[PDB]
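K.L.:
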Ligand SMILES: *[C@H](O)[C@H](C[C@@H]1CCNC1=O)NC(=O)[C@@H]1[C@@H]2[C@H](CN1C(=O)OCc1ccccc1)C2(C)C
Ligand SMILES: *[C@H](O)[C@H](C[C@@H]1CCNC1=O)NC(=O)[C@@H]1[C@@H]2[C@H](CN1C(=O)OCc1ccccc1)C2(C)C
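Chains as they are written, first to last, in this note's numbering: chain B, 73 to 378; chain Z, 73 to 378.
#1: Run through chain B and tell me which residues come within less than 9 Å of residue 97 (chain Z), C-beta to C-beta.
#2: Beta-carbon separation of residue 331 (chain Z) and residue 291 (chain Z) under 8 Å?
#3: Per DSSP, residue 151 (chain B) is paired with what?
#4: In whole angstroms, what separates the C-alpha of residue 121 (chain Z) from that of residue 261 (chain Z)?
#5: Kindly say whether residue 111 (chain B), judged by its beta-carbon, lies nearer than 8 Å to any beta-carbon of chain Z.
#6: Counting C-beta neighbours from all protein chains within 10 Å, is the total for residue 336 (chain Z) 16 or more, i.e. buried, or is it exposed?
#7: Would you check whether ligand 2 has a heavy atom nearer than 7 Å to the C-beta of residue 223 (chain Z)?
#8: Return yes when the Cβ of residue 198 (chain B) is within less than 8 Å of the Cβ of residue 78 (chain Z), no when it is not.
#9: Does the beta carbon of residue 93 (chain Z) sit closer than 8 Å to a beta carbon anywhere in chain B?
#10: How long is the line joining the alpha carbons of residue 114 (chain B) and residue 333 (chain Z), rounded to whole angstroms?
#11: Is the region 306-320 of chain B in contact with the region 307-322 of chain Z, if contact means three or more CB pairs nearer than 8 Å?
#12: If we ignore side chains and look at the alpha-carbon of each, how far apart do residue 117 (chain B) and residue 322 (chain Z) end up?
#13: Between residue 86 (chain Z) and chain B, is there a C-beta pair that is closer than 8 Å?
#14: With a threshold of 7 Å on Cβ separation, who are the neighbours of residue 165 (chain Z) within its own chain once the five nearest residues in sequence on each side are excluded?
#15: Nearest CA to the CA of residue 16 (chain Z): which residue from Z:211, Z:293, Z:295 and Z:235?
#16: The beta strand (DSSP E) that contains residue 174 (chain B), what's its start and end?
#17: Kindly provide the ranges of any beta strand (DSSP E) runs that are 3 or more residues long and lie completely inside the region 182-206 of chain B, ordered along the chain.
#18: Could you name the residues of the same chain whose beta carbon sits closer than 6 Å to that of residue 284 (chain B), not counting the 5 residues immediately before and after it, in chain order?
#19: How about residue 233 (chain Z) and residue 302 (chain Z): do their beta carbons lie closer than 8 Å?
#20: Three-state secondary structure (DSSP) at residue 307 (chain B)?
#21: Got a sec: is the Cβ-Cβ distance from residue 213 (chain B) to anything in chain Z below 8 Å?
#22: Taking 7 Å as the line, does the beta carbon of residue 116 (chain B) fall inside it for any heavy atom of ligand 1?
#23: Could you say which of B:76, B:138 and B:83 lies nearest to residue 97 (chain B) if we only look at CA atoms?
#24: Residue 181 (chain Z) and residue 140 (chain Z): beta carbons closer than 8 Å?
#25: Closest Cβ-Cβ distance between residue 80 (chain Z) and chain B: below 8 Å?
#26: Return the residue from the list B:170, B:217 and B:205 that minimises the CA-CA distance to residue 186 (chain B).
#27: Apart from the five residues on each side of it in sequence, which residues of its chain come closer than 8 Å, Cβ to Cβ, to residue 167 (chain B)?
#28: What does the alpha-carbon distance come out to for the pair residue 282 (chain Z) and residue 76 (chain Z)?
#29: Figure out for me which residue from Z:249, Z:246, Z:289 and Z:311 has the closest Cα to the Cα of residue 273 (chain Z).
#30: What residue ranges within the region 326-372 of chain B form continuous alpha helix (DSSP H) runs of no fewer than 4 residues, ordered along the chain?
#31: For ligand 1, I want to know if residue 216 (chain B) counts as a neighbour, meaning its beta carbon is within less than 7 Å of at least one of the ligand's heavy atoms.
#32: Can you tell me whether residue 170 (chain B) is helix, strand or coil according to DSSP?
#33: Residues of chain Z with CB closer than 7 Å to the CB of residue 219 (chain B), please, in chain order.
#34: Given residue 286 (chain Z), which residues of its chain have a CB within under 8 Å of its CB, disregarding the five upstream and five downstream residues?
#35: Within the same chain, show all residues whose beta-carbon is closer than 6 Å to that of residue 223 (chain Z), passing over the 5 residues directly before and after it, in chain order.
#36: My assumption, with CB atoms under 8 Å, is that residue 378 (chain B) sits in contact with residue 193 (chain Z). Please give the rounded CB distance.
And the structure:
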């Protein structure tokens, strides 16, 4: 037993991380087969970075301007192109450590592992959720751009995120691996700001089920509620509405605990209206919303990846 | 910016994980050079497990009783010996992925990354602290024994933990890689229980400094306190005493924020006596004690590992 915010093993991604330097900018790239993917703002200079025209900037570039280093070994760039907000640098060597991978775009409410990197060297790994406002609450310093987020499904790495920037509230914004931003953000220095967030209701319920599975039961009650009456209380506390599909997705966790989804909703209602009154749930004094029903089932069952 | 519970990249450890099966017991082993390390209770059967004599049990074993699988490849066991509570299985192949490593034993209050594994396959990675009572609050199911905890220092993996068992409160106990248990526990089914824990005071202060670095300042005050007067309040709330060495270790974080250690202690005092009053610190409604001053400096600066 036990319940921890758990990332996927990072090894398959570590073998893809490289350093990309152009002019005075150094950041990370993702090396898959013979292509290195990196944020296109690597072509910028600090006076380019306020209102750049990236096509203009890229046509003035040469292959040899891009210094790509995989560990202590230089990769020769033999072609370059822009795809939305990422650059694809064609190099003369296919990465022999390329895992089976996909490029997927995730939904708000979904989680993934981030491999924080600097100078092409992995620094740390942690779990993030895509917020309803398309930001992520990460940990990113200068030089971390090009770090990727991912999930692993058996032996296959589904890359879903590349880091590009920090917003003024200290949250983070980036793209999918096709270079399309999550949310209404641009790789421009503007006055852009995150925008109002909400709490991921289905995830809170999944985490409550994780708590029950692990022996935290004090918040359970005999009450119940209708989906409609629960959703009235949801909005009120700035929680996302709960759909019948969410109820369906929680079925397995309901069947394992013997607690009907709607009964767990009644528990959540009381927690929202009363607080926790000095008590904790899975070591937290807050209702946690960054675990999906999948994350709970995986960890409270023990799936692996080879 | 941002602050997240961050594990080390797990790749170097993933390459060492194997499956060890003996009789009806399957667990994980750690394969370094030509030795596989695993918990000695792999030699047990469910009727052995109440009060076993492990030397007796081991002399009745044969090399061929131990099935070791590294991925889909069987490793021939050519020797075996017991070292305290771990088994060393000598195999006919040195692990070509053996990283530079050390076997270190950590102190309570210190943190490390756990690579949860099942059937020799890594499942997830997360950060744990050694509690003052020598348990860890992990996430471990049946089959997870032999998963290891570690830190990485440049390119060197310092293994500090091997998982053996869960205690009745749902916390976890294990050994260093020399097979010596952390804390007063035995790999026997008895009525053993964790024992009273305390909060790691120096770590709470480090996390407060992490908060300030990231723009949470509401808990700061103009008051100060003496080390002695702070430690009176510490005990009271079941916090560990703060030593002058702890104050010294917090010096760099004090110098970066401009907040004297003793002033941050005065802030902690008020948080202990008043609570947080609906507010959060780094997304937590509790005072977090599983980040060391090192962890804060690493993440709020950006060290990597190659
Ligand atoms: C790429 O390594 C960097 C990552 C930032 C740096 C601080 N935290 C991060 O996540 N990305 C950027 O610097 C982007 C880039 C330039 C502005 N920018 C950005 O994040 O601005 C906000 C910021 C910068 C530095 C420190 C705090 C906040 C453009 C092209 C958007
Ligand atoms: C090894 O894979 C297993 C890991 C346990 C299983 C549940 N959570 C864990 O961390 N270790 C054991 O089963 C050890 C082993 C036998 C008893 N034991 C143990 O942990 O007992 C408590 C327990 C067991 C199963 C489920 C919940 C709690 C001995 C030799 C100590």
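Each residue gets a CB set at the ideal place from its N, CA and C atoms; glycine is no exception.
P.N.:
Reading off the structure:
#1: Going along chain B, no residue has its Cβ under 9 Å from residue 97 (chain Z), so there is no contact; the nearest lies around 16 Å.
#2: no
#3: B:162
#4: 6 Å
#5: no
#6: buried
#7: no
#8: yes
#9: no
#10: 40 Å
#11: no
#12: 37 Å
#13: yes
#14: 106 and 147
#15: The question about residue 16 (chain Z) has no answer here: the residues shown for chain Z are numbered 73 through 378.
#16: 173-175
#17: 183-190 and 193-201
#18: 329
#19: no
#20: helix
#21: yes
#22: yes
#23: B:138
#24: no
#25: yes
#26: B:217
#27: 87, 88, 103, 104, 105, 106 and 142
#28: 10 Å
#29: Z:311
#30: 333-346 and 365-371
#31: yes
#32: coil
#33: Result: empty, since nearest Cβ-Cβ is about 11 Å, beyond 7 Å.
#34: 73, 74, 75, 354 and 372
#35: 184 and 230
#36: 5 Å
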